[PDB]
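> experimental structure and sequence below, a few questions after.
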Amino acid sequence: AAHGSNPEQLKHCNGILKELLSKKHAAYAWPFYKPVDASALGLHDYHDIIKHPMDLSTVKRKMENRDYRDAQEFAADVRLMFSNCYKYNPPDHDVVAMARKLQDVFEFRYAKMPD
Ligand SMILES: O=c1[nH]c2ccccc2c2ccccc12
């Protein structure tokens, strides 16, 4: 059910998304900007391990297309992106450290969502 507050909450989500894509966080956000090109990266097992790829450009397209109906649906995709990283890579890999830092940005600001 659409709630009166869903548009306002989606504006907060869009703010978060813009922040995740901003220069401020680019040092650690960059691996998440675009879909993983598994072939290009030689990760020939990526799509056997990751059933539901997700990345920030896809989240942006879904936001622009009004695909997300509520904040929880948005959050689920952003968290799916991080989970994919945690699933595929050894936990000591630099990309996992970058994921944890970007997820910290996400979770702390998501927690400030108006309600
Ligand atoms: O989860 C990722 N694991 C990787 C492992 C090796 C090289 C690149 C990546 C990568 C690149 C962009 C986005 C996510 C990932």
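Nice, thanks for sending it over. Residues are numbered from 1 along each chain as shown.

> what sits closest to the closest residue to the ligand within the chain if chain neighbours are left out?
Closest approach between the chain and the ligand, counting by CB to the nearest ligand atom: residue 31, at 3.5 Å. From N, CA and C alone the C-beta is placed, and that goes for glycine too. Excluding the flanking residues, the one nearest residue 31 by CB to CB, 6 or more residues apart in numbering is residue 95, at 5.3 Å.

> tell me which element that neighbour is part of?
Assigned by DSSP states H and E, residue 95 belongs to helix 94-110.

> from the contact counts, what lies against that helix?
If you count contacts as 3 or more CB pairs under 8 Å, 6 or more residues apart in numbering; DSSP states H and E, helix 94-110 packs onto helix 6-20, helix 26-29, helix 71-88.

> can you tell me what sits against it?
Contact partners of helix 94-110, identified using CB atoms under 8 Å, 6 or more residues apart in numbering, comprise 13, 15-16, 19-20, 25, 28-32, 71, 75, 78-79, 82, 85-86, 89-90.

> swap the cut-off to 10 Å and go again
Contacting residues not belonging to helix 94-110 are listed as 12-13, 15-17, 19-20, 22, 24-25, 27-32, 56, 71, 74-75, 78-79, 81-86, 88-91, 93 [CB atoms under 10 Å, 6 or more residues apart in numbering].

> this structure against the ligand: which residues are in contact?
The chain comes close to the ligand at residues 31-32, 36, 41, 85, 88-89, 95, as judged by CB under 6 Å from any ligand atom.

> list the residues that contact the most centrally placed residue in the chain.
For the chain, the residue sitting closest to the mean C-alpha position, by CA atoms, centre = their mean, is residue 78 at 2.9 Å. Contact partners of residue 78, counting by CB under 10 Å, 6+ apart, are 13, 16-17, 20, 32, 54, 56, 59, 102-103, 106-107, 110.
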